[PDB]
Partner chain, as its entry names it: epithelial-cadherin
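Coming up is one lone chain in C-alpha cells, specifically the form deposited without its partner chain.
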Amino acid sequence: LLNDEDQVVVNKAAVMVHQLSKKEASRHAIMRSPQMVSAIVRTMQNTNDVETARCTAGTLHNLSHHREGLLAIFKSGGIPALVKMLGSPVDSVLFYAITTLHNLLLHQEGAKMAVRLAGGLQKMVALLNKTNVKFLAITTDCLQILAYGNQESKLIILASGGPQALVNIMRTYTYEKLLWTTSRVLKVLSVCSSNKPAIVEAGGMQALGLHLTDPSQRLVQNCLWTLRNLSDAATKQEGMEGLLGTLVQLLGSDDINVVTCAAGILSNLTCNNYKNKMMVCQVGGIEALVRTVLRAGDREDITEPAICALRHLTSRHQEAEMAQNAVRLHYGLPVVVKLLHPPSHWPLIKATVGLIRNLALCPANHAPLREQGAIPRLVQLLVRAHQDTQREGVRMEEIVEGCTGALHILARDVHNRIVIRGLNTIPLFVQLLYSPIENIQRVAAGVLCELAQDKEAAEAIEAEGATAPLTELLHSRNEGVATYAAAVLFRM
C-alpha cells in the first residue's frame, strides 16, 4: 500500500503499477488513492512509449471493474484521456481504451455526457473501419448506449458518416454478436428523420435483408424492426428481390413479431412501387398475405399492414388483375368482408374498404363480394360516416370517400346496382355532390353515373334533384368530377 508516483521520464513505475492492479487487494488501495490514478491518467495521456501506454490503459481497465475504480477514473478526468487514446496506433491500447470507456458507459453515472463532450462519438464512428470483430462489437455497443434516447448524439453519428460504416459492417461480417450490436445501433438511428434516409441511401435495407434467415432470433428481430422503420416512404431501391422473397416467407413464421414486422415491411415496400408489387406477387405474396390475414383473426397489428399490402398488390401494376383473382382463389373474400365489421378499428376498416375497391375491379369478384354481404356493410359505414362529418386519427371524410369509391366500382355490375339502389342510397349520393371535398364529389358523381345507366335509376336520381348540383359540377376544376357530372346529366 505504498507510494504513488513517477518522474524523470522513466516508465518502469507503471510496469509495477499494472502488475499489482491484478492483485485485487492492492487494487482497492490504488483506487482509494486519487493522486496515484491522476499520474497513471496523465502518463498515458502524454507518454510516447507504446509499452507504457499499454501498461497504463491496462491498469485503468482493471480499475473499471469496480464501482470505485470507475468513479476514480471519472474523477481523475480519465474519460477525455481515454477518448484521446482512441487515436493510438497500438491495437492493444485501442482495446483497453474502448473497453474501459465501455465499462464507464455501462455503469458509471455521468459517463455518457462526459464521453459526448470529449468527442467520443466522432472517434468511435471513425473506428468502425477497423477489422477486429471483437473490437468492433465493443465499439458499436458504446455507440448504441450513447445514441439511445439521445437525438443530439444521433445527428453527430450521422455527421460523422455512421450510417455507411454500420451498413458496411452488416455487409461484411458474420460474427453474430457484432451483427446484433450493429443492428441495434441501426435500429436506434432508424427512427431519426435524418439518419433514416442516409441509412437507406447507404444500402441499409438490402444489407439488413442479408440476415433475415440467420439462426439468431435476436439478430433477425432487430433487422426486421429496423427494416420496418426504414421502409416507410423510402426512395426506390434496386437489388430488393432477395429481401422481398424472404419477407414473404417470413409471413408463415410461428413468431408473431416476425409475422407482424414482415407484413409491415411488405406494406411499406409495395406502396406505390409497381416493381416491388410485381416481385411480391411473383413469389406468391397474395396467397401468403391472405393466409396471414386468416391466421391473424382479430389481431389488427397483423391484419392492418397485411390488408394494406394486399391493397397495394391489387392495383396499378402489370399483374394487378391476376392478384385480384388470386385473393378470391385463395379463399380471401369472406374474411375481407368480415373485417368491415366490429371489433375492427378505423385504420383496418379504412384499409379494408380500399382493398375491396380494388378487388371489385375484377368482374369475377363482383358476385362473390355481393354474396358475402359487402354492399350493405359498405352502405352502413358510409351512412354513419357521412352523418358524423355533418355533425384525431382516421377522418370520417376518408371513410365516406372510400366506401363511395368501393360502391362506384361495384356498381359496374347490374345486380350490385339493384342492391345498391334498394338500400336507398340515391339521396345520400346526391347529397355528397355538395361535398367540399373534390374526391368525394368524384366518386359520388361516379356511382351516380353507373346507376344512371338504368332508366328507372336515372329517373330516381333526377327526382332527387340531382340536376342542379351536377350542373354546378360541370365547371369543377377537377376534370374527373366534371366528366362524371356530364355523364349523369346526359343519361337523365
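Only residues modelled in both forms are compared. Residue numbers count along the first chain shown, from 1. Basically, rigid core = biggest C-alpha set you can superpose within 1.5 Å across the two forms.
The form solved in complex with its partner chain is left out here; the points below concern that form.
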Heavy atoms within 4.5 Å of its partner chain in the entry with it bound: does residue 272 have any? yes
Within a 4.5 Å heavy atom cut-off, is residue 345 in contact with its partner chain in the entry with it bound? no
According to a 4.5 angstroms non-hydrogen atom cut-off, is residue 191 in contact with its partner chain in the entry with it bound? yes
Within 4.5 Å, heavy atoms only: does residue 308 come near its partner chain in the entry with it bound? yes
State yes only if every one of 439, 480 and 491 has a non-hydrogen atom within 4.5 Å of its partner chain in the entry with it bound; otherwise state no. yes
If you look in the entry with it bound, which residues in 326 to 360 sit within 4.5 Å of its partner chain (heavy atoms)? 350, 354, 357, 358
C-alpha of residue 233: shift of 2 angstroms or more between this form and the one not shown, rigid core aligned? yes
If the CA atoms of residue 235 and residue 359 move by 3 Å or more in the entry with it bound, do they move toward each other or away, so closer or farther than here? closer
Distance trend in the entry with it bound - C-alpha atoms of residue 233 and residue 199, change of 3 Å or more: closer
Core fitted, what stretches of 3+ consecutive residues have C-alphas moving by 2 Å or more between this form and the one not shown? 1 to 10, 233 to 235
